[PDB]
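Q: This one's experimental. Sequence and coordinates below.
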Amino acid sequence: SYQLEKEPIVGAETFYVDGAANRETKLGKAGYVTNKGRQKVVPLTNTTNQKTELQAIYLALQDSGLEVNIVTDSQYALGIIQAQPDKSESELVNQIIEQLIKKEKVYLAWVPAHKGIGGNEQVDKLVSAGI
Ligand SMILES: CCOC(=O)c1c(O)c2cc(Oc3ccc(N(CC)CC)cc3)cnc2n(O)c1=O
Ligand SMILES: [Mn+2]
Ligand SMILES: [Mn+2]
């Protein structure tokens, strides 16, 4: 019930997402930074990096118009969303799936972590602080 655009969507806002989890305390943050100065950071308790990365995307999907460009450094989350499942065993993923269906156009790009990608580093620096 959804598909990913092969190209960045002209006119749409670019959401740089990221997550961070502390392995001992299970504490993590998830959020985004956009090319338009929009930001969000949420707190999460009892969690993993994977989950925080998915949560960041959920945030980006929730706080965006009918058209989005999303760039993530999560191969894990890219995997799930590119697989285009109809239903998952994960509550968080099911929430993401239905968000994507609500959208006119969705573009999801992958970028490597800590390689100087401005938007990625910006959002990393925010979610990493205190973890
Ligand atoms: C600020 C420093 O952060 C980093 O250097 C950093 C990562 O080490 C990192 C690792 C990732 O992939 C993995 C995530 C978790 C695991 N594990 C669970 C299966 C084991 C820990 C393995 C690979 C995915 N994203 C990451 N991001 O965004 C980072 O900023
Ligand atoms: Mn990451
Ligand atoms: Mn990071």
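A: Thanks, I have it. Residues are numbered from 1 along each chain as shown. Ligands and ions are numbered 1, 2, ... in the order given.
Q: Close to ligand 3: what parts of the chain are there?
A: Selection of the chain residues close to ligand 3 by C-beta under 5 Å from the ion yields 18, 124. C-betas here are computed from N, CA, C, even on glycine.
Q: and the longest helix for the chain?
A: If you go by DSSP state H, the chain has its longest helix at helix 49-62.
Q: where's the nearest residue to residue 117 once chain neighbours are set aside relative to residue 25, distance?
A: Distance criterion C-beta to C-beta, 6 or more residues apart in numbering; nearest residue to residue 117, sequence neighbours excluded, is residue 111 at 5.0 Å. Distance, residue 111 to residue 25, using C-beta to C-beta, to the nearest Å: 27 Å.
Q: The two - which one has more neighbours?
A: A direct count of neighbours by other C-beta atoms under 10 Å for residue 111 and residue 25 places residue 111 higher, at 13 against 10.
Q: ok, back up a step: name the helices or strands packed onto the longest helix of the chain?
A: Helix 49-62 makes packing contacts with strand 13-21, strand 28-34, strand 39-44, strand 67-72, helix 75-82, helix 91-101, helix 118-128 when contacts are defined by 3 or more C-beta pairs under 8 Å, 6 or more residues apart in numbering; DSSP states H and E.
Q: Among the ones you listed, which comes closest to ligand 2?
A: Smallest distance to ligand 2 across these (C-beta to the ion): 4.6 Å, for strand 13-21.
Q: Name the residues of the closest one that are buried.
A: 13-21 (16 or more other C-beta atoms under 10 Å).
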